[PDB]
DNA sequence: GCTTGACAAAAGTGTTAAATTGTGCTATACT
């Protein structure tokens, strides 16, 4: 056909809807084949291959079982589509809703029990709906939210709508936190989670021709004036340290990790110069009050930021 | 300051992963290829706590008892014997 | 496109006699109904059905309400 | 010139409780 769904509906329509008696039939064949498989599989462990006629028929019981599973599914595909119709427009594509529903249908068939004497559509509707709604919670948001959080976001919505109708207005965070039995600060945190992102490719120019995305600054971009001044600062420190003693500057450089970029502990500096960490603590305080001396500090003042 | 380990994916491809030497080398590494891969050194330490997945047979077993399955199969084969 | 404006007047079920009656002085009115190979009111609704809903096999219940639901409804 | 012991803050580790997160499930009949 012309559309994609019109094409899938054509092929699901080519099967025939079962009545109560058939569903029970297929159900038996499915379970019969499964047990036939598990039994023969049990033989693989201990061997004991069956007689020729008993082996050829067991292989058929299984093939017929799978043919049953496939037929029970192909017959109820219409039921999946009938449920997915109502969940569209909520942020999942119709076909995806259908395919997820079919996943639920598959489990309904696996866990279905024919001895309860209930029509198949009764039990499968539960799984197909849960499969679709569970699916929506894992997918429809660009930034995923876990199921338990998607559960509260929805609840908070209904409370607001129900509360909206009774109050003829929208409820405040306190009314909402009260009706839902939560702290008002939580309902705010929840309302921040429910925000959904926007397209950088939107055109907001509105006879501006531009798109949003190109108005976004790059904050991590290199700033020429800073990097240049930072390079000039790096030189001015090199000089100020020249006034200090070979060991005075040596300790300062290892203390802040100027050369390596890796700072060092008072003990570690004492290990290179062969002294106790305290002695290094002392040499520290002295060279710092030397740096604080206005002669050396006056030049670095303009570098505050 | 790095040691390099090699892993092998199930399909035969091999990948070099540079690590820090002081670190403890993992026995499996998610690889650029997209598959798990196994170290070519001694271990290979662990079973990795496997918990076999749930299967259709399991879901059938927890409702029908094995005896019920036998009779239903008896019904099926006997229907097959009639020709 | 590809439609014989006469064929739809058969889709409503009006017989060809009424076509020569109402058309009257129209020359191409009579000449087109003679050119159209559609025979019957329900068969023209089918020639109109498959081009409007391609890919969907029709039914006497769908083919007739197709025209009524599209406009009259 | 530098070291020693006492000492407290700061930084890591290991152990546990609380929380967060994933998954299975719901049987009037409903195509």
Centre separation in Å (Cα based) which lies between chain C and region A:161-218: 54
Tail fraction, Cα-Cα pairs, region A:116-198, threshold 19 Å, whole percent: 52
Residue order, fewest to most surrounding Cβ atoms within 10 angstrom, among A:280, A:204, A:106: A:204, A:106, A:280
For residues of A:209-216, the mean tally of beta carbons on other chains within 10 Å: 0
Average partner coverage of C:56-64, which counts Cβ from other chains inside 10 Å: 1
Taking B:72, C:66, A:200 and counting other C-beta atoms within 10 Å, the order from fewest to most: A:200, B:72, C:66
Length-normalised contact order for chain A - Cα pairs under 8 Å, 6+ apart - percent: 9
Contact order normalised by residue count of chain C, Cα under 8 Å, 6+ apart, percent: 32
Cα shape, region A:179-273, gyration tensor, a/c 1.5 rule: oblate
The protein assembly as shown: C-alpha pair distances exceeding 39 Å, %: 66
Footprinting exposure proxy for A:187, C:20, B:44 (fewest neighbouring C-beta atoms within 10 Å first): B:44, C:20, A:187
Cα long-axis angle, helix A:120-139 against chain A (0 to 90 degrees, to the nearest 10): 20
Residue mean of other protein chain beta carbons inside 10 Å, A:61-71: 1
Rounded tilt (10° steps) of B:66-81 against the dominant C-alpha axis of chain B: 60
Rg/Rh for chain B, where both radii come from Cα atoms and Rh is the Kirkwood radius: 1.41
Distance cut-off 16 Å, percentage of C-alpha pairs in chain C lying past it: 49
Relative counts (whole %) of C-alpha pair distances in region A:65-176, using bins that are 10 Å wide: 13, 33, 27, 18, 7, 2
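Because the Cβ atoms are built from the backbone with ideal geometry, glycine has one as well, and the counts that use them run over all protein chains shown. A short reminder: the numbers here are calculations on the coordinates, not readings from a lab.
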